[PDB]
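**Q** Quick one: the structure is below, and I'll ask about it shortly.
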Amino acid sequence: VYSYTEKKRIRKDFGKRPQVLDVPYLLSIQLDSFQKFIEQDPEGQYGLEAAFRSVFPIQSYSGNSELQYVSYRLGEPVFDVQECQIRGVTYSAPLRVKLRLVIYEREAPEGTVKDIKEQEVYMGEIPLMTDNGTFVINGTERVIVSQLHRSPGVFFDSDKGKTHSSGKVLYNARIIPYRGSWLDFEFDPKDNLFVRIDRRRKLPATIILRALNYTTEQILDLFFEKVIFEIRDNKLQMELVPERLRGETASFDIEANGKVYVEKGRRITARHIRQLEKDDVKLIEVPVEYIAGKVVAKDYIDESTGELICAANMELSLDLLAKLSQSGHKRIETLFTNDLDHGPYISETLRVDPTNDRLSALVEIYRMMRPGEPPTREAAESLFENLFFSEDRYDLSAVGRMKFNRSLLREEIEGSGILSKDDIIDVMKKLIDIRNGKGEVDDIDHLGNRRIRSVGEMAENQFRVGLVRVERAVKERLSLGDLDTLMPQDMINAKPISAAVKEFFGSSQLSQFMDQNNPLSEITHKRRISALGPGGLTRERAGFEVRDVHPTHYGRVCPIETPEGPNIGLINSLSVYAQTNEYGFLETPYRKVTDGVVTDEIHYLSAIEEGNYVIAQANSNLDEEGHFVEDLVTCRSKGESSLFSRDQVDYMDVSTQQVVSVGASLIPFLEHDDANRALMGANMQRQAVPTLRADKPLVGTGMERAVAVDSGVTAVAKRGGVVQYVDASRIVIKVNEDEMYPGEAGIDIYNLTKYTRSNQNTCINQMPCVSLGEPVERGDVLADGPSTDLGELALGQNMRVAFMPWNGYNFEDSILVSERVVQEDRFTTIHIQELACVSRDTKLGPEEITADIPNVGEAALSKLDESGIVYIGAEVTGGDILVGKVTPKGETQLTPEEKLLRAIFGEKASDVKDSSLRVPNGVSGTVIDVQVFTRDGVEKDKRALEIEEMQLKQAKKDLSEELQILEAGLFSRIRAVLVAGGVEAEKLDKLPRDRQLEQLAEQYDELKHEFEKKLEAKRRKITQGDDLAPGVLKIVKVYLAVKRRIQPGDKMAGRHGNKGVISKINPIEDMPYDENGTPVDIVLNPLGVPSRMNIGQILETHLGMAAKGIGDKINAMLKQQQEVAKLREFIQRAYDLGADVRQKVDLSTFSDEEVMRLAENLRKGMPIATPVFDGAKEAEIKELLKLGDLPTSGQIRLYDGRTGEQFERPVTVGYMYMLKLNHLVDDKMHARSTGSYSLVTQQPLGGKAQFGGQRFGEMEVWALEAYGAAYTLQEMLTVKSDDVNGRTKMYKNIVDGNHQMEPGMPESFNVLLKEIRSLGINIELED
Amino acid sequence: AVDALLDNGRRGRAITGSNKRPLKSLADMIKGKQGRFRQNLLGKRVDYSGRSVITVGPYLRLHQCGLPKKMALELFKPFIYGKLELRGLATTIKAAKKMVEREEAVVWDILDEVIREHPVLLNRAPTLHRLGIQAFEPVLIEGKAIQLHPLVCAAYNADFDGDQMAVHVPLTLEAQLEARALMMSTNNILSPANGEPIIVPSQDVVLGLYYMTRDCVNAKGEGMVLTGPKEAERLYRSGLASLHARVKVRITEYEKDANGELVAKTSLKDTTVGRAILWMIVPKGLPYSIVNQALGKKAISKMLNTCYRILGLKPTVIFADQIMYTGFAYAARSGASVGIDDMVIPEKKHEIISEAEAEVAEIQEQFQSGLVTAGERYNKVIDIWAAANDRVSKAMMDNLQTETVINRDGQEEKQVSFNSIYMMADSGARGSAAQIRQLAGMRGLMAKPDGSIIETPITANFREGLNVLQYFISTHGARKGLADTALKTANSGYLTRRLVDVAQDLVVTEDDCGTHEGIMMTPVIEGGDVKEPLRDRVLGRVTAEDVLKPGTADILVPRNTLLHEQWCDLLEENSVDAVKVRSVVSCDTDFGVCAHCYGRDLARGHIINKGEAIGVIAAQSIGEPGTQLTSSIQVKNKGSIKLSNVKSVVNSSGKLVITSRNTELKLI
Amino acid sequence: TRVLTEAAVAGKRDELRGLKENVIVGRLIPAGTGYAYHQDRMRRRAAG
């Protein structure tokens, strides 16, 4: 149980709910979704294998040079992550696809002559997914939010009371496609079944039935039945069909056996239909009245007389039926329709398409498409067959036909991709059935109609774009080729793929640079849902609908972590324990409870199956095995929290975090604290500052370990072993042989990022935690990163906080801070800036990097070298020179006096000027590394030769390890073999190493071979990998490190949600001290507790005070130097916590050098693991306070920091954990009034950028129109800052000091006069 | 040729010499945005100003703001050179630049000459109101953030979430005085919307004085006497007495009952130590009676207002100044801040939930019986949990009202709960009966994602524990408020846009017109008691004609008389209920309004000027609350039915009926 | 351009009697602090 890191610092487990759900790979949503994508699968795995099968064999017309599918293969990663991070080239693998190019025989049973299979041919790259969940394409790692949209299948919606605004509620339906088209269904209380394509106009269903030519009778028989009426002996009898009597008013005598079952008056509902079925008598007498009025099916004119009066489908009455009954007809086939349930919809749709032929029908369909232009019969027919029937057009995978049939209550989850009419018309008939009452509609929030296409899934669709875009460059080479001319890489290209997959991985709307300032924010950027997706949703339409949350999301989605603006309910985060389903749904852990015992059989569900089963709650008291202590447990039938039984449970919620997200897990004591400080809480957690000293949370949850380690900000090991050469920049691990590769031995080398630049320009630096002389465990950690410490997510820092309104220094949001923090600077952030230097060859002058600056002194070069590059290690500010830039000037800029000196001195003297790269006013910095990127082919001088030489030795130092370790193994080996060839032990120690003798000499040389071919390798990257942009092949990027501290005006907060801005950071002299005299560090406002309801916030304060209270015990007694047993006694109280459940105590392995060492770690606080729905209780926190030196209430007696009088009724104190959002004073203080506007006009320079002044807003305008003094606004935006000459006339005026002026026609205003003076309306100014 | 110059005419924009480029357009020089590009968005970028973040500074006098030294240099250089050569302490202006180049102490003293009585104007970007543009006096603070006087932030409606202010500088003589004139903070202490003090003491300040004027049963020195509020200082600021002891002191209060003289009147009060010290704050003119109250946010609101209507503005201004310092002062001296021992859950809550369980469990059995329907039981669940919550309310509130029982002249004796949360519920600062019910009690029933109401409430309490399902119900409501702000703001500016687009040029150009015509101001007594009374509609106008009393031909207010505070009090004493007042639409003045038809109410309280353009200020103040905008009859009172405009007829059994729809039921 | 036509053909002599007008020309409105200013100005226009 105890690791080498748990011998250093074990997380004290509160342990309430037993361990049962183990944290799997929380980022499979990334990797394994990508695994379904790229993977060798003969089975046809939905991804690359299924895609290239679904399209290959690609055959085209009259060419018969069919390109088929075999498999694919990847290239090697182009660099390692580090180089792809520094240099910035796509971390990718060149897709080498195995393709079969075969040529057939014309006028023969197609024989293959040339089966030229060009395997692994170049079909562009595909960015690879680093095994953490990020993409290292251009510089820093970017991320793409997986997106939700309506799932392929069929769905129902209602729009009740919103389709008429009078009282007629509808129920319509849309057939969702996957890769094809939608089929929209307009259903209305107007008794009309209309069809429409995708989002088009209103078409009758029959506009296409007649456009396939099905006459009225071939229509109304498939849909509606035939009630067979009998007229015998001149009297109307009805063969009673009780099911067709659904929804009908009994207006006549429905009698059987004379006994009247359904009477005249009360209508037919459901019981009297069964009263007809009770005794099975199906024969009733119907007055003549009843049949008079129904439509006939067949042609029934008079077959006894001989006249054609009517056609078909025409009514019967006291005229026409009075002729069909006196003539002599018994069997008359009519058609069935009614009013309540089954309405004559199709009857009310036939003549909407006024055609009786497919010809004009298609004309009508094309007239629906576009107006004005001519419909041709030929083009319409070919179109239809190759739309929903052509396979490369329409599709509905194992997803389409699945939700299709299940919503049809069928059984088959599989079938075709193209449409099947049997199934389609069933939907149409059921469409009527829902627009009757026999069948209802669904909701959009039901995840059955919601498919999340993950990163890899969406990638296939974007890659599909690329595949067809260049497929037009394939099929036509099949048409413009002959036999063998077209070859792979003659048809297929590389650019389309580049502008397709990179278009997704780098140019997608959900694809953007990962906010790298909080490892948590990195993980939640990866594992996240986006309601705004491709073929998904937008926010300028939805008022709030998309934004609100439904209860079927229970257990897999978390709403807490979302921004504040219009992006609420759009950029939602997911739940930790979610798992990618193949269909694009989710699979969520549920403990299978076999009627009594909760077995560890873990089943997977989506909102489809949640709606069918009933699952127990996890916050319910269970006893020992899983047999609920009570007779009850609150379960959910469809997401219905209600009183359910111990035996009705099918499933039960697994763990306390199966619904919780990483951001909310970090916030302890959820059950308590208000939802608002929680939303705004997880909100600010994506803003945790990368401080120098990353202090680990006193009171945690156990996810601290689960972020600091599960991120990419830590250097984990795939093997274990004694550290060999621990430095700051490298981690050489001498790996244990039981896990060391039997193939070329092996050691673990890890180059740590060194104070580099991040996305948010903040210093990121992996720090060596493991010291020299200590082995590690496999899958353990060697390095930390900012915002993380010893593999623990440390966002901010925690210290002594007190609650009291102290002289307005806690006003409204204000926090009061002790000068101690800035006096320690343990809370300082280092912002490094990269300043690119553009140069390299202009057509007027081959740009060099200065190498000389005219008309100034050698001061500009005493900081630069002969090259013009500033030395690494200086400090700049104001407007210094970093690097010099040569730049063409001009013959226009030269005078005839210096055109004489151009014929003497030279051409390139005053031809190029010095327009170097300069530091704008207001920027400071510290050069730590200047990266020049040489033009490939033409490198720079001695300076760059020192830099390349530097990284060359940076390669040699590391390449030496590889060699050395086997050199030692094999040497002792040599030391024992030559003795067998004549003892030479002492002799070999005095003889050269070149003394299996054949084999060993060989391996020695192969490692040395490897040695030089890697120096060559690395040096190659160093020498020619500097080409950046076409034209400008020489770019000089300089880094400027600037430490920014805490000061009066900074915004400090806490994880819990409480915010704050420092008013006046006072000296520690003014700190309220306790009975002992310990100065407080932070002072907050108590007035926000009742309102904001930050209750869990104060409870963590007391346990935080308890985590340090026990430290107080240890520390004192540890300075006394007492035995390991005494402290161990306190540790045991500290590990039994009380007498509740567990903590998994010590004394398994030796606790002497483990806990005494753990004591040196706990004499500063104790990291605690804590469940959020049943965490630390009152008497539990009290047990810990009283175990140290603290009273019940935790309200300690402090004296005024400025006086000494005790604050009446002791103030509540303790240790709170902080959280500093990245909102800094430096970032928003734009002290520029005037510096310079623009170049072409008086246009502003940026908005948030440098040289910042108030962007004069228009709301500001109207307010200044309110104040009666026009003058100040007058001048402000005309006389001042508008009249280009007027403000200089004012400059030259006020540099004397005499405010006195005249009116201000803004000159361009005088051009307004001039323009109409040019027309004819000559404006004047008379008198 | 003509066309090509203007807009290329409208004929087609003919390209230039063999180039994809229409000929140049001066139309695209006289039609861009708002006409031209100064007046358009992006015209100018203010000089002599500084867009900088903000910070508190609890010590700033009401008439001053704080400006950073670095910012100072950058913004006043021209004035610095104007000074350096008008006097001549610098060699040349170039050497003057070199002096600030060397940061020489000399020019920082000349910096003192250009700032120490040179006022500045202030403004924020999100500001849509005129109350967001004010003025103060600069104070040289070494730093980077613009400090301010705490309580004024509420006026700008600016918290501490990133309010970057652009503080402007009035260069000309005019603007400097205009700042200290109408734009001075200490002058616009009234809202142009209503004649109430715009700034109400926030909350830190009030709990400090809630702890000042306060009653607690255990009192050290409860009975002694003083003759001076100054030795009162020497008792608590020393520590020998409490700030709550019931002390009998001689407050020789004053009252300006004379023609401007504060009459001397001796009196002794059974006051508390803090209230005596509160007198050291309260200017003589203001009487001790108003300050012998526990002081709440609303009490202290009207408190400052009375000091204005009575004693004046100057007393009130420097008085509120005093208040600010001592408000936060004793807030510190307060000590008592928050208590976990206060948030006790009664075992009555757990008891009623037990009932609330068994009850609906039986009502659910009434469903398995078919008595109540799903819908009737839907509202029924609502029904009993509502009653259950109110009963738990009847417990947690009384718990938090009488439970602090400390010994005094017996064994125990109660006082209002000293529980801090209750103090915020008494001062009414930021703790209300519903927020209290939402932490220490069951929240109540919540809105569903559809907008309707889920029959089941949030079972437990947030202070203790719930789960994510309960959470999703609540998530709806939270996200609800968020969406609202996010849209309302943009439309408000656009609303005031069309508003200015209609009123801008309306200016008061006369004072009296020559017409009796006005309209009728009436209390909109609808439903129950009046929604909007008579007084507040008349507040700041002039009676149309010579108004009579219920007593006929007895004029209680001659035609042309400005109805201010006293006359409004006057119209509330008389039995007159309907008053015809001169309206701004009935104004005889064409192309404007007369001072009379308008009145006096604004930030000022005086006669509206000839030159004061009411047009624009009307616009902004109606669009200011833009961001904010979103059975039998048995009366429980005692009056008498006064049937109006209806023919009522007696029928059998001597009852009465109504024969019309037009029927107002009065309660005389 | 609408406005161009709209007042150009009528030659609508609007003597700068509005606030908005006064501001685009950068001059004191005949109200507020420009009241007495333009008072002297108005009786100096078409009068005196």
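Within each chain, counting starts at residue 1; across the structure tokens, chains are named A, B, ... in the order shown, with ligands numbered 1 upward in that order.
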Starting from chain B, keep only residues with some atom at most 12 Å from an atom of chain C, counting only C-alpha atoms, and report them as an NGL selection string.

**A** :B and (6-7 or 9-10 or 26-32 or 34-40 or 174-175 or 177-178 or 182 or 500-501 or 503-510 or 591-592 or 608-616)

**Q** Determine which residues of chain A sit within 9 Å of chain C, taking into account only C-alpha atoms, and present them as a list in words.

**A** residues 1265, 1268, 1269, 1270, 1271, 1273, 1274, 1275, 1277, 1278, 1279, 1302, 1303, 1304, 1305, 1306, 1309, 1316, 1321, 1323 and 1327 of chain A

**Q** Just to confirm, what's the straight-line distance from CA of residue 66 in chain B to CA of residue 143 in chain B in Å (one decimal)?

**A**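 So the two atoms, CA of residue 66 in chain B and CA of residue 143 in chain B, lie 9.4 Å apart.
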
**Q** Run DSSP on the backbone and tell me which residues of range 462-540 of chain B come out as alpha helix (DSSP H); list them as a PDB file with C-alpha atoms, in the first residue's frame.

**A**
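And here is the file that came out, part-v8.pdb:
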```
ATOM      1  CA  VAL B 468     -26.170  16.860  -7.196  1.00  0.00           C
ATOM      2  CA  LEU B 469     -29.807  16.229  -8.207  1.00  0.00           C
ATOM      3  CA  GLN B 470     -30.981  18.823  -5.703  1.00  0.00           C
ATOM      4  CA  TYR B 471     -28.099  20.787  -7.200  1.00  0.00           C
ATOM      5  CA  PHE B 472     -29.321  20.659 -10.800  1.00  0.00           C
ATOM      6  CA  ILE B 473     -32.593  22.213  -9.699  1.00  0.00           C
ATOM      7  CA  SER B 474     -30.597  25.022  -8.093  1.00  0.00           C
ATOM      8  CA  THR B 475     -28.163  25.256 -11.015  1.00  0.00           C
ATOM      9  CA  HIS B 476     -31.085  26.432 -13.134  1.00  0.00           C
ATOM     10  CA  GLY B 477     -31.716  29.451 -10.939  1.00  0.00           C
ATOM     11  CA  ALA B 478     -28.066  30.447 -10.666  1.00  0.00           C
ATOM     12  CA  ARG B 479     -27.443  30.263 -14.399  1.00  0.00           C
ATOM     13  CA  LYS B 480     -30.729  32.162 -14.689  1.00  0.00           C
ATOM     14  CA  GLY B 481     -29.489  35.372 -13.127  1.00  0.00           C
ATOM     15  CA  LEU B 482     -26.279  35.129 -15.091  1.00  0.00           C
ATOM     16  CA  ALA B 483     -27.950  35.078 -18.512  1.00  0.00           C
ATOM     17  CA  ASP B 484     -29.970  38.126 -17.493  1.00  0.00           C
ATOM     18  CA  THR B 485     -27.053  40.486 -16.828  1.00  0.00           C
ATOM     19  CA  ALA B 486     -25.277  39.230 -19.964  1.00  0.00           C
ATOM     20  CA  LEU B 487     -28.006  40.600 -22.297  1.00  0.00           C
ATOM     21  CA  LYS B 488     -29.787  43.394 -20.443  1.00  0.00           C
ATOM     22  CA  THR B 489     -26.661  45.586 -20.440  1.00  0.00           C
ATOM     23  CA  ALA B 490     -26.235  45.865 -24.224  1.00  0.00           C
ATOM     24  CA  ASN B 491     -29.907  46.594 -24.890  1.00  0.00           C
ATOM     25  CA  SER B 492     -29.937  49.332 -22.232  1.00  0.00           C
ATOM     26  CA  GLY B 493     -27.428  51.496 -24.066  1.00  0.00           C
ATOM     27  CA  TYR B 494     -29.315  50.848 -27.290  1.00  0.00           C
ATOM     28  CA  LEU B 495     -32.549  51.788 -25.524  1.00  0.00           C
ATOM     29  CA  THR B 496     -31.119  55.080 -24.290  1.00  0.00           C
ATOM     30  CA  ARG B 497     -29.812  55.401 -27.834  1.00  0.00           C
ATOM     31  CA  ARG B 498     -33.281  55.732 -29.324  1.00  0.00           C
ATOM     32  CA  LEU B 499     -34.143  57.737 -26.209  1.00  0.00           C
ATOM     33  CA  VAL B 500     -31.553  60.422 -26.902  1.00  0.00           C
ATOM     34  CA  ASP B 501     -32.571  60.056 -30.544  1.00  0.00           C
ATOM     35  CA  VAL B 502     -35.878  61.605 -29.476  1.00  0.00           C
ATOM     36  CA  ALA B 503     -35.197  64.109 -26.671  1.00  0.00           C
ATOM     37  CA  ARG B 535     -46.953  63.012  -2.365  1.00  0.00           C
ATOM     38  CA  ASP B 536     -44.171  61.396  -4.420  1.00  0.00           C
ATOM     39  CA  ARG B 537     -45.783  62.393  -7.729  1.00  0.00           C
ATOM     40  CA  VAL B 538     -46.141  65.999  -6.572  1.00  0.00           C
TER      41      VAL B 538
END
```

**Q** Nearest to chain A among B:61, B:549, B:430, B:642, with distances taken over only C-alpha atoms: which residue is it?

**A**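 Counting only C-alpha atoms, the residue closest to chain A is B:430.
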
**Q** Please list as a list in words every residue within 8 Å of residue 966 in chain A, counting only C-alpha atoms and excluding residues in the same chain fewer than 5 positions away.

**A**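 Contacts, in chain order: residues 745, 971 and 1004 of chain A.
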
**Q** Keeping N, CA and C atoms for every residue in the selection just given, could you write it to a file as an mmCIF file, in the first residue's frame?

**A**
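Saved result, part28.cif, follows:
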```
data_model
loop_
_atom_site.group_PDB
_atom_site.id
_atom_site.type_symbol
_atom_site.label_atom_id
_atom_site.label_comp_id
_atom_site.auth_asym_id
_atom_site.auth_seq_id
_atom_site.Cartn_x
_atom_site.Cartn_y
_atom_site.Cartn_z
ATOM 1 N N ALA A 745 19.955 -2.777 -22.622
ATOM 2 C CA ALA A 745 19.793 -2.306 -21.245
ATOM 3 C C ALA A 745 18.781 -1.172 -21.108
ATOM 4 N N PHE A 971 32.546 -4.387 -19.072
ATOM 5 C CA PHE A 971 33.948 -4.399 -18.663
ATOM 6 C C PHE A 971 34.233 -5.400 -17.547
ATOM 7 N N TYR A 1004 30.508 -2.638 -27.738
ATOM 8 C CA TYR A 1004 31.199 -1.432 -27.284
ATOM 9 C C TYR A 1004 31.172 -0.434 -28.444
#
```

**Q** Residues within 9 Å of residue 489 in chain A, please, as a list in words. Count only C-alpha atoms; anything in the same chain fewer than 2 positions from it doesn't count.

**A**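 My reading of the contact set: residues 121, 122, 123, 486, 487, 491, 492, 493 and 494 of chain A.
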
**Q** With N, CA and C atoms retained, export the selected residues as a short mmCIF file (atom, residue, chain, number, x, y, z; two decimals), in the first residue's frame.

**A**
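Listing of result31.cif after writing:
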```
data_model
loop_
_atom_site.label_atom_id
_atom_site.label_comp_id
_atom_site.auth_asym_id
_atom_site.auth_seq_id
_atom_site.Cartn_x
_atom_site.Cartn_y
_atom_site.Cartn_z
N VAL A 121 2.33 4.56 -48.92
CA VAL A 121 2.52 5.71 -49.80
C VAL A 121 2.08 6.95 -49.01
N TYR A 122 2.75 8.07 -49.26
CA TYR A 122 2.48 9.32 -48.55
C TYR A 122 1.15 10.01 -48.81
N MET A 123 0.29 9.99 -47.79
CA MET A 123 -1.01 10.64 -47.85
C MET A 123 -1.11 11.63 -46.68
N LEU A 486 -1.31 6.78 -64.11
CA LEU A 486 -1.70 7.15 -62.75
C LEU A 486 -1.07 6.20 -61.74
N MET A 487 -0.32 6.75 -60.77
CA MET A 487 0.30 5.95 -59.69
C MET A 487 0.02 6.65 -58.37
N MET A 491 -1.81 10.93 -58.09
CA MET A 491 -3.24 11.16 -57.98
C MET A 491 -3.47 11.86 -56.64
N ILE A 492 -3.01 11.21 -55.57
CA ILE A 492 -3.15 11.73 -54.22
C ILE A 492 -2.09 12.80 -53.93
N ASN A 493 -2.47 13.78 -53.11
CA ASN A 493 -1.57 14.87 -52.75
C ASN A 493 -1.31 14.94 -51.25
N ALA A 494 -0.73 16.04 -50.80
CA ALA A 494 -0.42 16.23 -49.39
C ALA A 494 -1.09 17.46 -48.79
#
```
